[PDB]
Amino acid sequence: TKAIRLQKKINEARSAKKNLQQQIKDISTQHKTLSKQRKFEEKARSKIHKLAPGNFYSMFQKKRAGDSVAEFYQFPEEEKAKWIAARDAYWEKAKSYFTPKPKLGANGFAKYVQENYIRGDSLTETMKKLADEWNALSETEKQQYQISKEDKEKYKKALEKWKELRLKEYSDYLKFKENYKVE
Amino acid sequence: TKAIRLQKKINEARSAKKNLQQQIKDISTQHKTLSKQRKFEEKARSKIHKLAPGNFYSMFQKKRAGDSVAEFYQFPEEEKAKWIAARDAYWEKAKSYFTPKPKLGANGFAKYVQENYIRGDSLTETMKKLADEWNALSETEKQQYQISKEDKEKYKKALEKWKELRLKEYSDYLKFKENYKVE
Amino acid sequence: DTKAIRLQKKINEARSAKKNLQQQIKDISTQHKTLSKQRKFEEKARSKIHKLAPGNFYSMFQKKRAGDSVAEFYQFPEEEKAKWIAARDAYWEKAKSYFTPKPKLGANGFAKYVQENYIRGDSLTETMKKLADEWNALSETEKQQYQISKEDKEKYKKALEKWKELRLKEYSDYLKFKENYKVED
Amino acid sequence: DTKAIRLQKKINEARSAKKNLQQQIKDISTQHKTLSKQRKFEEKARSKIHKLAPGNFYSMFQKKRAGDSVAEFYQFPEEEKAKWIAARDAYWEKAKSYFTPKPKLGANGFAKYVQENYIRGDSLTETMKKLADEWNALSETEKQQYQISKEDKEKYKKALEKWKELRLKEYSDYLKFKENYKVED
DNA sequence: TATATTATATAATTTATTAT
DNA sequence: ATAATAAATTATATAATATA
DNA sequence: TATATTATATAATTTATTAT
DNA sequence: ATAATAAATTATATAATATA
DNA sequence: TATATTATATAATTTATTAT
DNA sequence: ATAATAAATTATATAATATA
DNA sequence: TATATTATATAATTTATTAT
DNA sequence: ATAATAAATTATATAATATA
């Protein structure tokens, strides 16, 4: 019974080590899923940039993309212009899917420049002169040029809803890009 | 909440690994205890051998045992004989603590030699002649020279009780040997 | 004999070879941390120089937490605030003297078209759009004229190399300045 | 450059050195199993030769389980049993011919006293006890006469060495005999 | 550094050996 | 089997290396 | 997928037992 | 040493688990 | 061999750059 | 800010090595 | 007991925002 | 580019856990 108890403890240890191995594999699988999710959310909110024409052409050739752009460099002017116009129509359709990111309000000296910039001024000269005016302000004079807590929370709410909808917009864009014929 | 769940799984994994480390240390400690127990039970049932005189002398000198036996080799005859007589009295007292192991009954050809050996015979000649007689027996003639199942189970019961009491006897002997003054 | 003799020799070689492996693992770990420190320093020595905020200036001279330090700087009077701002500005002049601004690469393609063909315009967005229309109406060899030659590219390569070098020494001198700078203002 | 160059060289040395360590671990494992097989064979080549049981003899010639084989051998008739016993005995004579019995070391101390001073006795236990009384009544130099000289010890050392050698060849020949032995009886 | 190896230093026990 | 001894073998203890 | 464990299934060896 | 065995112990092989 | 590294091969995206 | 491009940087995919 | 992690606390840098 | 900031992001340091 001494060795019986000891073997019983050995068997519980081997079972416990098996449960640990399963939990490690479960956290690894879930971690890979969350890493893919984070990558997707990063691309779905990124800055939308007009696709270059070579990348368009490699999108439409099932050969490898690099060689396709290389062959696109040697193209004549006429086929190159046809590809560029088709790429531009695709660009209009593509940018349609996305909503531009909510901008935050001008604050402090930025708001001062927003209010006291007058049309037809040297930007460097106006910025420096406005800076000299701004620096001479007392701290409560500056404190009235800040964004209220109400507008800050409104921008928080708008950025939050946009962080949501850019996910769905990006998915719709990806479906558009996979199923887009030149036509 | 994705990362919340994932971290929760990571924390359960670190707790589970801690429980596993504790269980491994528990089985290691218990394993060492059982190994000491088995060693003790092995010595408590071993064959009792009369202690050599040098080992006696090293028992009684708190210097290291090997050097003590080495100094005991160079001893004169008189002190050597005093140590040997004291060791012999210790041997009588020591062998008193132990019960000799139950012998199993003679079986088969051994029992045949037990029954047909007659006093004053060449042992090699009697053993060989009895072997020639034995081999010529039929299988049921041999089968009556075996130990009955009843006596086999009786020897099992006796060896079992002895395996028990040799533990207690050995412990009493160890207490005797630690607390024994020559006197 | 020789079976056990060979076996013992290999067992000794493994224990020595295992110590050698353990040493290389910590040495490559050491060099990896060192080369990373080397990277983050050469990165800081080349970044864009930004005028230190006054709260950060005030926290530089107090051996306390930076958050607590800037919080104490916000509640300053207007005069004390102006004195710290003037001291921070004298510091910033002395600091920006140490650095060389990064060499820019030449304008290429449409950027060079704007650089060569920009005429003063009251509306910049219409001006850039008009230059875009002129550029797009150009042929491919007309556009190809507006690219940077290999000579200008290699000159910028050597300029960026010498600058990446010298910014390390500039940053080292700046750090010596920042450690040994008494407020004095 | 050279920071990363040195670091990459050490990282490559560790991965090669790690393969070298993995190889030595399995090689020392291989040699350890091999040297253990070497030990168990030289051990079997020198053990005391015991006449093979008839059930084990019968199981040698059947490609079945040994327990089942001896069970089939127990239920044999007396005549068939005698035939197998005679065949096993012819086998045992042919087998024990292959081996040399182990050289014994000379009797020493009280054993040599018994070897030199044993006179025929009807009661052996009283005889050994009487020799014990004669021995114990001897002085220490009288006892010291009855020990084995260094010359006889070294002769036994060389004899045991040559025997430990030759028993390997004897056991090898016996195994060739046992593999190539047809029952024939 | 606790806590397995390992190893190496020392003591305890068994074995061999005589005869039978 | 009785019986006695060194030698060999095994076991045990303590120190060193190595691995959690 | 080799390759330590490990475990356990089967066989091989050794032991004990008579007498002494 | 003589000799024949059941039984106990050890060794080897085969199958399963597991950890490189 | 599943299943982390890693690495190396290829594609996607951002940056710099002109003027302001 | 507008706008256009190669180049650089980053990210992604696939293949190889290594570690459970 | 160094020494990877790791985690999290604090500080440093960069970004965005106005105009353009 | 000019310039001043809150805020966001990244980097560095300090403290805790953990695995050599």
# chains A, B, ... in the order shown; residues from 1 in each chain; ligands from 1
call {"tool": "closest_atom_pairs", "arguments": {"of": "chain F", "to": "chain B", "cutoff": "12 Å", "atoms": "only C-alpha atoms (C1' of nucleotides)", "output": "JSON lines"}}
result
{"residue": "F:3", "atom": "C1'", "partner": "B:50", "partner_atom": "CA", "distance": 10.9}
{"residue": "F:4", "atom": "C1'", "partner": "B:52", "partner_atom": "CA", "distance": 10.0}
{"residue": "F:5", "atom": "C1'", "partner": "B:52", "partner_atom": "CA", "distance": 9.0}
{"residue": "F:6", "atom": "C1'", "partner": "B:52", "partner_atom": "CA", "distance": 11.1}
{"residue": "F:10", "atom": "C1'", "partner": "B:43", "partner_atom": "CA", "distance": 12.0}
{"residue": "F:11", "atom": "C1'", "partner": "B:39", "partner_atom": "CA", "distance": 9.2}
{"residue": "F:12", "atom": "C1'", "partner": "B:39", "partner_atom": "CA", "distance": 10.5}
{"residue": "F:20", "atom": "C1'", "partner": "B:21", "partner_atom": "CA", "distance": 10.0}
call {"tool": "select_by_dssp", "arguments": {"residues": "chain D", "states": "alpha helix (DSSP H)", "output": "ChimeraX atom specification"}}
result
/D:2-44,54-60,66-74,78-96,110-117,124-136,140-144,150-179
call {"tool": "interface_residues", "arguments": {"of": "chain A", "to": "chain I", "cutoff": "9 Å", "atoms": "only C-alpha atoms (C1' of nucleotides)", "output": "JSON, numbers by chain"}}
result
{"A": [49, 64, 65, 66, 122, 123, 124]}
call {"tool": "write_last_selection", "arguments": {"atoms": "N, CA, C and O atoms", "output": "short mmCIF file (atom, residue, chain, number, x, y, z; two decimals), in the first residue's frame"}}
result
data_model
loop_
_atom_site.label_atom_id
_atom_site.label_comp_id
_atom_site.auth_asym_id
_atom_site.auth_seq_id
_atom_site.Cartn_x
_atom_site.Cartn_y
_atom_site.Cartn_z
N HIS A 49 -4.59 54.18 -49.16
CA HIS A 49 -3.65 54.70 -50.16
C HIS A 49 -3.96 54.15 -51.54
O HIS A 49 -4.17 52.95 -51.70
N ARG A 64 3.02 35.47 -60.43
CA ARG A 64 3.51 36.12 -59.22
C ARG A 64 3.53 37.64 -59.40
O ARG A 64 3.78 38.15 -60.49
N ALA A 65 3.23 38.35 -58.31
CA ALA A 65 2.98 39.79 -58.38
C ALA A 65 4.22 40.58 -58.80
O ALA A 65 4.10 41.56 -59.54
N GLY A 66 5.40 40.19 -58.32
CA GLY A 66 6.60 40.95 -58.64
C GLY A 66 6.94 40.92 -60.12
O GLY A 66 7.19 41.96 -60.74
N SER A 122 1.72 84.59 -45.39
CA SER A 122 2.89 83.71 -45.28
C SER A 122 2.68 82.76 -44.12
O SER A 122 2.53 83.20 -42.97
N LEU A 123 2.65 81.46 -44.42
CA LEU A 123 2.34 80.49 -43.38
C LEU A 123 3.40 80.48 -42.28
O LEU A 123 3.07 80.48 -41.10
N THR A 124 4.68 80.45 -42.66
CA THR A 124 5.76 80.49 -41.67
C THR A 124 5.73 81.79 -40.87
O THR A 124 5.88 81.78 -39.63
#
call {"tool": "atom_distance", "arguments": {"atom1": "atom CA of residue 182 of chain B", "atom2": "atom CA of residue 59 of chain B"}}
result
10.8 Å
call {"tool": "interface_residues", "arguments": {"of": "chain A", "to": "chain B", "cutoff": "9 Å", "atoms": "only C-alpha atoms", "output": "list in words"}}
result
residues 2, 3, 6, 7, 9, 10, 12, 13, 16, 17, 19, 20, 23, 24, 26, 27, 30, 31 and 34 of chain A
call {"tool": "write_last_selection", "arguments": {"atoms": "C-alpha atoms", "output": "compact mmCIF listing (two decimals), in the first residue's frame"}}
result
# COMPACT_ATOMS: atom_id res chain seq x y z
CA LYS A 2 3.02 2.27 0.38
CA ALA A 3 3.97 1.68 -3.25
CA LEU A 6 3.08 6.33 -4.40
CA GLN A 7 2.06 4.98 -7.81
CA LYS A 9 0.49 9.95 -6.93
CA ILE A 10 2.65 9.19 -9.98
CA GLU A 12 -2.10 11.80 -10.92
CA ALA A 13 1.13 13.59 -11.84
CA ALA A 16 -1.85 16.61 -14.46
CA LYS A 17 1.04 16.99 -16.89
CA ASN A 19 -3.84 18.58 -18.69
CA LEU A 20 -1.06 21.17 -18.61
CA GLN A 23 -3.86 24.01 -21.71
CA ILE A 24 -0.60 25.23 -23.24
CA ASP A 26 -5.12 25.84 -26.12
CA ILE A 27 -3.54 29.14 -25.14
CA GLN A 30 -6.11 31.17 -29.06
CA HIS A 31 -3.04 33.43 -29.07
CA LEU A 34 -5.95 36.91 -31.42
call {"tool": "residues_around", "arguments": {"residues": "residue 116 of chain C", "least_positions_apart": "3", "cutoff": "12 Å", "atoms": "only C-alpha atoms (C1' of nucleotides)", "output": "mmCIF file with N, CA, C and O atoms (P, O5', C5', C4', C3', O3' and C1' of nucleotides), in the first residue's frame"}}
result
data_model
loop_
_atom_site.group_PDB
_atom_site.id
_atom_site.type_symbol
_atom_site.label_atom_id
_atom_site.label_comp_id
_atom_site.auth_asym_id
_atom_site.auth_seq_id
_atom_site.Cartn_x
_atom_site.Cartn_y
_atom_site.Cartn_z
ATOM 1 N N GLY C 106 17.190 64.288 -52.714
ATOM 2 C CA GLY C 106 16.637 65.168 -53.727
ATOM 3 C C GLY C 106 15.217 64.787 -54.103
ATOM 4 O O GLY C 106 14.805 63.623 -54.008
ATOM 5 N N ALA C 107 14.457 65.798 -54.522
ATOM 6 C CA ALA C 107 13.094 65.570 -54.976
ATOM 7 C C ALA C 107 13.097 64.728 -56.245
ATOM 8 O O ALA C 107 13.925 64.928 -57.139
ATOM 9 N N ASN C 108 12.158 63.790 -56.328
ATOM 10 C CA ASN C 108 12.146 62.836 -57.418
ATOM 11 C C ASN C 108 10.741 62.700 -57.978
ATOM 12 O O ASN C 108 9.756 62.677 -57.230
ATOM 13 N N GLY C 109 10.662 62.599 -59.298
ATOM 14 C CA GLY C 109 9.380 62.370 -59.930
ATOM 15 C C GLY C 109 8.527 63.605 -59.802
ATOM 16 O O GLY C 109 8.943 64.709 -60.172
ATOM 17 N N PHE C 110 7.312 63.435 -59.291
ATOM 18 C CA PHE C 110 6.432 64.586 -59.198
ATOM 19 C C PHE C 110 6.934 65.591 -58.184
ATOM 20 O O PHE C 110 6.695 66.790 -58.346
ATOM 21 N N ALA C 111 7.628 65.128 -57.141
ATOM 22 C CA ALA C 111 8.206 66.052 -56.171
ATOM 23 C C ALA C 111 9.209 66.986 -56.832
ATOM 24 O O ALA C 111 9.200 68.195 -56.575
ATOM 25 N N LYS C 112 10.074 66.448 -57.701
ATOM 26 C CA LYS C 112 11.002 67.316 -58.421
ATOM 27 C C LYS C 112 10.272 68.204 -59.412
ATOM 28 O O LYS C 112 10.730 69.315 -59.692
ATOM 29 N N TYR C 113 9.160 67.725 -59.972
ATOM 30 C CA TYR C 113 8.356 68.575 -60.839
ATOM 31 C C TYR C 113 7.848 69.784 -60.072
ATOM 32 O O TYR C 113 7.896 70.913 -60.567
ATOM 33 N N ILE C 119 5.476 77.889 -59.132
ATOM 34 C CA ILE C 119 5.365 79.337 -59.204
ATOM 35 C C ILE C 119 4.430 79.681 -58.057
ATOM 36 O O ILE C 119 3.675 78.815 -57.607
ATOM 37 N N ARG C 120 4.616 80.852 -57.465
ATOM 38 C CA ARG C 120 3.832 81.301 -56.330
ATOM 39 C C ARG C 120 2.329 81.219 -56.593
ATOM 40 O O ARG C 120 1.826 81.843 -57.529
ATOM 41 N N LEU C 131 -0.282 71.493 -60.801
ATOM 42 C CA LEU C 131 0.959 70.791 -61.119
ATOM 43 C C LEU C 131 0.719 69.306 -61.357
ATOM 44 O O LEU C 131 1.375 68.705 -62.213
ATOM 45 N N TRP C 135 1.688 67.377 -64.735
ATOM 46 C CA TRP C 135 2.532 66.187 -64.682
ATOM 47 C C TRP C 135 1.860 65.021 -65.389
ATOM 48 O O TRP C 135 2.466 64.377 -66.253
ATOM 49 N N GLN C 145 12.411 62.480 -67.391
ATOM 50 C CA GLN C 145 13.398 63.539 -67.193
ATOM 51 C C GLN C 145 13.469 63.989 -65.733
ATOM 52 O O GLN C 145 14.544 64.374 -65.258
ATOM 53 N N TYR C 146 12.352 63.912 -65.001
ATOM 54 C CA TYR C 146 12.214 64.483 -63.666
ATOM 55 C C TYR C 146 12.623 63.525 -62.555
ATOM 56 O O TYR C 146 12.206 63.713 -61.404
ATOM 57 N N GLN C 147 13.404 62.501 -62.864
ATOM 58 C CA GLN C 147 13.850 61.572 -61.841
ATOM 59 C C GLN C 147 15.299 61.884 -61.474
ATOM 60 O O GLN C 147 16.019 62.554 -62.217
ATOM 61 P P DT I 18 12.743 68.074 -49.985
ATOM 62 O "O5'" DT I 18 11.769 68.782 -51.025
ATOM 63 C "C5'" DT I 18 12.167 68.931 -52.377
ATOM 64 C "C4'" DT I 18 10.965 69.235 -53.247
ATOM 65 C "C3'" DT I 18 10.186 70.472 -52.844
ATOM 66 O "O3'" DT I 18 10.789 71.646 -53.421
ATOM 67 C "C1'" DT I 18 8.711 68.656 -53.391
ATOM 68 P P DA I 19 10.954 72.999 -52.559
ATOM 69 O "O5'" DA I 19 9.468 73.579 -52.424
ATOM 70 C "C5'" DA I 19 8.633 73.663 -53.553
ATOM 71 C "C4'" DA I 19 7.420 74.517 -53.260
ATOM 72 C "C3'" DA I 19 7.519 75.340 -51.976
ATOM 73 O "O3'" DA I 19 6.974 76.659 -52.153
ATOM 74 C "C1'" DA I 19 5.697 73.813 -51.821
#
call {"tool": "residues_around", "arguments": {"residues": "residue 165 of chain B", "least_positions_apart": "4", "cutoff": "10 Å", "atoms": "only C-alpha atoms (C1' of nucleotides)", "output": "PyMOL selection string"}}
result
chain B and resi 44-45+98-99+159-161+169-171
call {"tool": "write_last_selection", "arguments": {"atoms": "N, CA and C atoms", "output": "PDB file, in the first residue's frame"}}
result
ATOM      1  N   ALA B  44      16.734  -5.908   8.082  1.00  0.00           N
ATOM      2  CA  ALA B  44      16.082  -6.530   9.234  1.00  0.00           C
ATOM      3  C   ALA B  44      15.800  -8.007   9.039  1.00  0.00           C
ATOM      4  N   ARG B  45      15.899  -8.504   7.819  1.00  0.00           N
ATOM      5  CA  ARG B  45      15.598  -9.889   7.537  1.00  0.00           C
ATOM      6  C   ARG B  45      16.812 -10.641   7.029  1.00  0.00           C
ATOM      7  N   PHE B  98      17.386 -11.881  17.593  1.00  0.00           N
ATOM      8  CA  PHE B  98      16.829 -12.342  16.330  1.00  0.00           C
ATOM      9  C   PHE B  98      16.264 -13.760  16.432  1.00  0.00           C
ATOM     10  N   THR B  99      15.232 -14.017  15.641  1.00  0.00           N
ATOM     11  CA  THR B  99      14.569 -15.288  15.368  1.00  0.00           C
ATOM     12  C   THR B  99      15.010 -15.815  14.014  1.00  0.00           C
ATOM     13  N   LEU B 159       6.470 -17.572   7.420  1.00  0.00           N
ATOM     14  CA  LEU B 159       7.398 -16.607   6.844  1.00  0.00           C
ATOM     15  C   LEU B 159       6.825 -15.202   6.904  1.00  0.00           C
ATOM     16  N   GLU B 160       5.504 -15.078   6.774  1.00  0.00           N
ATOM     17  CA  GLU B 160       4.878 -13.768   6.826  1.00  0.00           C
ATOM     18  C   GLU B 160       4.997 -13.158   8.221  1.00  0.00           C
ATOM     19  N   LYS B 161       4.633 -13.928   9.253  1.00  0.00           N
ATOM     20  CA  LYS B 161       4.783 -13.431  10.621  1.00  0.00           C
ATOM     21  C   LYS B 161       6.245 -13.124  10.956  1.00  0.00           C
ATOM     22  N   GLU B 169      12.323  -6.793  15.832  1.00  0.00           N
ATOM     23  CA  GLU B 169      13.546  -7.340  16.400  1.00  0.00           C
ATOM     24  C   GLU B 169      14.761  -6.537  15.974  1.00  0.00           C
ATOM     25  N   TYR B 170      14.814  -6.133  14.701  1.00  0.00           N
ATOM     26  CA  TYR B 170      15.966  -5.388  14.226  1.00  0.00           C
ATOM     27  C   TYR B 170      16.037  -4.018  14.888  1.00  0.00           C
ATOM     28  N   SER B 171      14.881  -3.378  15.095  1.00  0.00           N
ATOM     29  CA  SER B 171      14.868  -2.091  15.786  1.00  0.00           C
ATOM     30  C   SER B 171      15.364  -2.232  17.218  1.00  0.00           C
TER      31      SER B 171
END
call {"tool": "interface_residues", "arguments": {"of": "chain D", "to": "chain F", "cutoff": "7 Å", "atoms": "only C-alpha atoms (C1' of nucleotides)", "output": "PyMOL selection string"}}
result
chain D and resi 109-110+124-126+128-129+132
call {"tool": "atom_distance", "arguments": {"atom1": "atom CA of residue 38 of chain D", "atom2": "atom CA of residue 7 of chain C"}}
result
12.8 Å
call {"tool": "interface_residues", "arguments": {"of": "chain D", "to": "chain C", "cutoff": "7 Å", "atoms": "only C-alpha atoms", "output": "VMD selection string"}}
result
chain D and resid 3 to 4 7 10 to 11 14 17 to 18 21 24 28 31 35
call {"tool": "residues_around", "arguments": {"residues": "residue 145 of chain A", "least_positions_apart": "4", "cutoff": "10 Å", "atoms": "only C-alpha atoms (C1' of nucleotides)", "output": "PyMOL selection string"}}
result
chain A and resi 106-112+115+140-141
call {"tool": "atom_distance", "arguments": {"atom1": "atom CA of residue 1 of chain B", "atom2": "atom CA of residue 38 of chain A"}}
result
13.0 Å
call {"tool": "residues_around", "arguments": {"residues": "residue 139 of chain A", "least_positions_apart": "5", "cutoff": "12 Å", "atoms": "only C-alpha atoms (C1' of nucleotides)", "output": "list in words"}}
result
residues 108, 134, 144, 145 and 146 of chain A; 74, 75, 76, 77, 78, 79, 81 and 82 of chain C
call {"tool": "write_last_selection", "arguments": {"atoms": "N, CA, C and O atoms", "output": "PDB file, in the first residue's frame"}}
result
ATOM      1  N   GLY A 108      -5.678  74.501 -28.150  1.00  0.00           N
ATOM      2  CA  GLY A 108      -4.559  75.330 -27.720  1.00  0.00           C
ATOM      3  C   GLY A 108      -4.056  76.195 -28.850  1.00  0.00           C
ATOM      4  O   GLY A 108      -4.841  76.842 -29.544  1.00  0.00           O
ATOM      5  N   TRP A 134       0.725  84.151 -28.829  1.00  0.00           N
ATOM      6  CA  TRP A 134       0.232  83.101 -27.948  1.00  0.00           C
ATOM      7  C   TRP A 134       1.046  83.032 -26.670  1.00  0.00           C
ATOM      8  O   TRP A 134       0.485  82.963 -25.569  1.00  0.00           O
ATOM      9  N   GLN A 144      -8.760  79.086 -22.200  1.00  0.00           N
ATOM     10  CA  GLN A 144     -10.019  79.152 -22.939  1.00  0.00           C
ATOM     11  C   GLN A 144      -9.887  78.632 -24.381  1.00  0.00           C
ATOM     12  O   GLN A 144     -10.910  78.368 -25.031  1.00  0.00           O
ATOM     13  N   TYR A 145      -8.659  78.448 -24.886  1.00  0.00           N
ATOM     14  CA  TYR A 145      -8.406  77.919 -26.225  1.00  0.00           C
ATOM     15  C   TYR A 145      -8.304  76.378 -26.251  1.00  0.00           C
ATOM     16  O   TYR A 145      -7.759  75.793 -27.202  1.00  0.00           O
ATOM     17  N   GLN A 146      -8.812  75.709 -25.233  1.00  0.00           N
ATOM     18  CA  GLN A 146      -8.746  74.264 -25.177  1.00  0.00           C
ATOM     19  C   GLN A 146     -10.113  73.688 -25.510  1.00  0.00           C
ATOM     20  O   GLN A 146     -11.121  74.397 -25.520  1.00  0.00           O
TER      21      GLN A 146
ATOM     22  N   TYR C  74       2.918  73.048 -13.530  1.00  0.00           N
ATOM     23  CA  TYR C  74       1.706  73.667 -14.070  1.00  0.00           C
ATOM     24  C   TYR C  74       1.183  74.787 -13.176  1.00  0.00           C
ATOM     25  O   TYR C  74       0.640  75.775 -13.679  1.00  0.00           O
ATOM     26  N   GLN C  75       1.325  74.651 -11.861  1.00  0.00           N
ATOM     27  CA  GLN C  75       0.767  75.598 -10.905  1.00  0.00           C
ATOM     28  C   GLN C  75       1.673  76.811 -10.651  1.00  0.00           C
ATOM     29  O   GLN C  75       1.465  77.542  -9.669  1.00  0.00           O
ATOM     30  N   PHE C  76       2.657  77.048 -11.516  1.00  0.00           N
ATOM     31  CA  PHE C  76       3.563  78.169 -11.332  1.00  0.00           C
ATOM     32  C   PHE C  76       2.867  79.489 -11.639  1.00  0.00           C
ATOM     33  O   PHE C  76       1.920  79.539 -12.432  1.00  0.00           O
ATOM     34  N   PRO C  77       3.315  80.578 -11.030  1.00  0.00           N
ATOM     35  CA  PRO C  77       2.830  81.900 -11.430  1.00  0.00           C
ATOM     36  C   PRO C  77       3.284  82.221 -12.846  1.00  0.00           C
ATOM     37  O   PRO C  77       4.095  81.513 -13.448  1.00  0.00           O
ATOM     38  N   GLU C  78       2.764  83.333 -13.373  1.00  0.00           N
ATOM     39  CA  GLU C  78       3.107  83.718 -14.739  1.00  0.00           C
ATOM     40  C   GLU C  78       4.568  84.140 -14.835  1.00  0.00           C
ATOM     41  O   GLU C  78       5.252  83.822 -15.815  1.00  0.00           O
ATOM     42  N   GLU C  79       5.070  84.830 -13.810  1.00  0.00           N
ATOM     43  CA  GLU C  79       6.447  85.309 -13.836  1.00  0.00           C
ATOM     44  C   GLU C  79       7.426  84.150 -13.693  1.00  0.00           C
ATOM     45  O   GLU C  79       8.403  84.052 -14.447  1.00  0.00           O
ATOM     46  N   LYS C  81       6.787  81.069 -14.342  1.00  0.00           N
ATOM     47  CA  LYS C  81       6.638  80.295 -15.563  1.00  0.00           C
ATOM     48  C   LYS C  81       7.464  80.894 -16.690  1.00  0.00           C
ATOM     49  O   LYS C  81       8.128  80.166 -17.435  1.00  0.00           O
ATOM     50  N   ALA C  82       7.443  82.223 -16.821  1.00  0.00           N
ATOM     51  CA  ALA C  82       8.214  82.877 -17.872  1.00  0.00           C
ATOM     52  C   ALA C  82       9.711  82.706 -17.647  1.00  0.00           C
ATOM     53  O   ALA C  82      10.482  82.560 -18.607  1.00  0.00           O
TER      54      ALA C  82
END
call {"tool": "closest_atom_pairs", "arguments": {"of": "chain B", "to": "chain D", "cutoff": "10 Å", "atoms": "only C-alpha atoms", "output": "tab-separated table"}}
result
residue	atom	partner	partner_atom	distance
B:77	CA	D:140	CA	7.9
B:119	CA	D:122	CA	8.8
B:120	CA	D:122	CA	6.4
B:121	CA	D:122	CA	8.8
B:122	CA	D:122	CA	9.9
B:135	CA	D:82	CA	9.2
B:136	CA	D:82	CA	9.3
B:137	CA	D:78	CA	9.4
B:138	CA	D:78	CA	6.8
B:139	CA	D:78	CA	7.4
call {"tool": "residues_around", "arguments": {"residues": "residue 54 of chain C", "least_positions_apart": "5", "cutoff": "12 Å", "atoms": "only C-alpha atoms (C1' of nucleotides)", "output": "MDAnalysis selection string"}}
result
(chainID C and resid 59:61 66 69:74 76 80:92) or (chainID L and resid 4:5)
call {"tool": "decode", "arguments": {"residues": "chain J", "atoms": "C-alpha atoms (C1' of nucleotides)", "output": "PDB file, in the first residue's frame"}}
result
ATOM      1  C1'  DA J   1      -3.590  70.711 -47.220  1.00  0.00           C
ATOM      2  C1'  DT J   2      -3.593  69.559 -51.881  1.00  0.00           C
ATOM      3  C1'  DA J   3      -0.938  64.963 -55.181  1.00  0.00           C
ATOM      4  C1'  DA J   4       2.223  61.563 -57.254  1.00  0.00           C
ATOM      5  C1'  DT J   5       6.149  58.250 -57.196  1.00  0.00           C
ATOM      6  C1'  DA J   6      10.419  54.980 -55.965  1.00  0.00           C
ATOM      7  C1'  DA J   7      12.097  53.515 -52.116  1.00  0.00           C
ATOM      8  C1'  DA J   8      11.990  51.915 -47.607  1.00  0.00           C
ATOM      9  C1'  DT J   9       9.889  49.714 -44.263  1.00  0.00           C
ATOM     10  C1'  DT J  10       6.728  46.584 -42.688  1.00  0.00           C
ATOM     11  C1'  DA J  11       3.951  42.532 -43.079  1.00  0.00           C
ATOM     12  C1'  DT J  12       2.777  38.168 -44.940  1.00  0.00           C
ATOM     13  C1'  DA J  13       3.560  33.354 -46.869  1.00  0.00           C
ATOM     14  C1'  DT J  14       6.115  29.505 -47.564  1.00  0.00           C
ATOM     15  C1'  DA J  15       9.981  26.587 -46.636  1.00  0.00           C
ATOM     16  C1'  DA J  16      13.564  24.667 -43.183  1.00  0.00           C
ATOM     17  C1'  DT J  17      15.236  23.696 -38.645  1.00  0.00           C
ATOM     18  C1'  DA J  18      14.296  22.459 -34.211  1.00  0.00           C
ATOM     19  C1'  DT J  19      11.783  21.225 -30.274  1.00  0.00           C
ATOM     20  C1'  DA J  20       8.177  18.954 -27.833  1.00  0.00           C
TER      21       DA J  20
END
